[PDB]
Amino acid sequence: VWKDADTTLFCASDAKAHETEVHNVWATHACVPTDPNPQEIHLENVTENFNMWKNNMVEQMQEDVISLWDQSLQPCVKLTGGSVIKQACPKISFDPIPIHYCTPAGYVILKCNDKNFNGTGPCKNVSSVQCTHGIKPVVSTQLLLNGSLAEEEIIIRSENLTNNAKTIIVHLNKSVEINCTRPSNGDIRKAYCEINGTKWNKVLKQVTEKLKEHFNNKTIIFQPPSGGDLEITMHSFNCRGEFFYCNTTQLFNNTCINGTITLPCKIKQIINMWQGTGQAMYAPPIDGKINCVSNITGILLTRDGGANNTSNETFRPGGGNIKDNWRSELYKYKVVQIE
């Protein structure tokens, strides 16, 4: 017998104590080794309600990632609340590793195994586990990278679809590779991302058909972000310690919905910190080829308001709230206390 509850989680990883890579260094001091023989108990005739949008596991992961970035990625100049911090900004080894979240004694994690589970409401196939699967703390906007895929159909997630102010998470069931490169040797901040247009347009077409099921067969239209900070209007992510900002206008092409799509990107030193600590200037890029190949496994969308009297619904790539990134992986878990 159990009940919904929050508690202090701990983390587990397969980090190497000899690695200089910052995620390894953090997890070495902050996490324990993973369980080689994880146990999972499938419950019968159990109905449990879940709510990915109000899940304390998300806040805790956010706190971990903030801590990790604080100890690892130091900008040359910090501009937080009037005060200005000048400090050293060495180039680091950066590559996210899977982090597992685990409950202490007296608590268990319930896992929803329904194939079409949207993140909220009752779940019929529930199991109890001691730790979540390995989740890479990938910080990005617009596109969710290196995540897990939906096992069956594409899933649409939202706290309230009728509320256009609520972010929509699209969970893909098939990944699409995005290949980003800052050439070696010139504009040292110029870069680009390559995507297979055939693969992407097919997936995007399926996303539209899925959105139709949720919006009463209205016509689905994609548009580039209306405005805001560069972190929102562009697909921003971190590759090898360098902050990439990529223009995704070509990705959401309504006409296409087959060749290589090349997105124009820039490496930026001056960034609005996702932690919410204001603005910061990081160090200039390293020399040589800077390359990251990632799997697109999710999309963050914001729906246009004021379209009730039309047959169209307009969706733009957006987001910015990094907690949503963790929600896209933590949606199927919740903590309960055992009695």
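All residue numbers refer to positions in the sequence shown, first residue = 1. Whichever C-alpha set is largest while still superposing within 1.5 Å between the two forms counts as the rigid core.
Once the structures in 6 other deposited structures of this protein are superposed via the core, the pair 235-243 and 73-81 is resolved in favour of 73-81 as the more displaced stretch (C-alpha RMS). When the other structures are laid on the shown form by the rigid core, the stretch among 82-90 and 195-203 with the greater C-alpha deviation in 6 other deposited structures of this protein turns out to be 82-90. Gap check for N185 to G186: 4 to 9 deposited residues are absent from the model. Going from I257 to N258, the model skips 4 to 9 deposited residues, which lack coordinates.
Higher mean CA temperature factor between 112-120 and 151-159: 112-120, per the PDB entry. Stretches 241-249 and 217-225 differ in mean CA B factor, with 217-225 having the higher one. The residue among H18, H23, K323, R316 whose C-alpha carries the highest B-factor in the deposited model is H18. In this entry, the residue among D35, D304, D64, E48 with the greatest C-alpha B factor is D35. Per-chain ranking of the deposited C-alpha B factor places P96 in the lowest third.
Sort the modelled residues of the chain by CA B factor and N272 lands in the highest third. In the deposited entry, the Cα temperature factor of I299 places it in the lowest third of its chain's modelled residues.
The entry lists a Cα temperature factor for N55 that places it in the lowest third of the chain's modelled residues.
In the deposited entry, the Cα temperature factor of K3 places it in the highest third of its chain's modelled residues.
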